[PDB]
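Taking the form deposited in one PDB entry, here's one chain by itself in structure tokens.
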């Protein structure tokens, strides 16, 4: 009888199995609307008080940060917010659910782990010295790559970041429409290395492909933490169910699904970790300690276009 409406910037293949389970166990009917974080935000603002949405389940902390600044999200209580091990916003207006890391994927047949640079800023120099012109991959249109560039701006400033983009560009990189395309090219020997999200490498490894995964020095922009999460909209007329659903996402079983089915890092204990993941404390220490709700994404896209990468 009760009904719950979720606006999701997370992919249907990821979301649907969990919502189906939630429905089966609670008897609560769930309707999900799928889009990008950006146009969900736009939609909610356009719909205003007339919105049927109870929850915004987002792919990025940045988008939840935007929703919160726009006044769309309810403050949350301590019983829920104390569950995740990290990444709870100061605003207390959403709950982090998983984290993912930027990493450097590489072909072990052509690249020695010991050899790779400790900082992303030194990548182009490495690529030059190793003669990898035409043999570096990247995904300029991919959300998380754009976040990573935004983190570089926050951390190093625009000039330094522009110098990095132009140095990368001078490597004659190959651009890929998606991360699996790029990792396939790595597999194939078309490129030797490329920055990606850790779970893509996990998925390839699980399929039998032994791609290298390189982490930069703790705090380096190349290890940017990519936080997902969900928030309860003020327009919700189903508060108990919506809160029940948020709680469910942080449950050990659902968190095991994120680790197993999806390959992402969980934000709670009580789960079995894939051997391809760092211990959680190490994973958590990799990223720069940035305000993840304030990444200068707009500045990032701009630099990416100015430099002619996008």
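Residue numbers count along the first chain shown, from 1.
Look at the C-alpha B-factors of 72 to 80 and of 169 to 177. On average they run higher in 169 to 177.
Mean CA B-factor, 238 to 246 versus 253 to 261: the higher value falls on 238 to 246. Note on 194, 189, 96, 117: the highest value goes to 189, judged by CA B factor as recorded. Per the PDB record, 128 has a higher Cα B-factor than any other of 206, 100, 128, 92.
When the modelled residues of the chain are ordered by C-alpha B-factor, residue 214 sits in the lowest third.
Placement of the Cα temperature factor of residue 64 within the chain: lowest third of the modelled residues, per the deposited record. Per-chain ranking of the deposited C-alpha B factor places residue 290 in the middle third. Sort the chain's modelled residues by C-alpha temperature factor and residue 87 lands in the lowest third, per the entry. Among the modelled residues of its chain, residue 164 has a C-alpha B-factor that falls in the highest third, as given in the PDB entry.
The same protein also exists as the form deposited in another entry; that form is not shown, yet it is the one meant from here on.
Two rigid parts rotate against each other between the shown form and the other one, and the hinge linking them lies at 226 among 183, 226, 255, 53. Shown here is a form in which the CA atoms of residue 58 and residue 143 lie at least 3 Å farther apart than they do in the other entry. Cα of residue 117 to Cα of residue 274: at least 3 Å longer in the other entry than in the shown structure.
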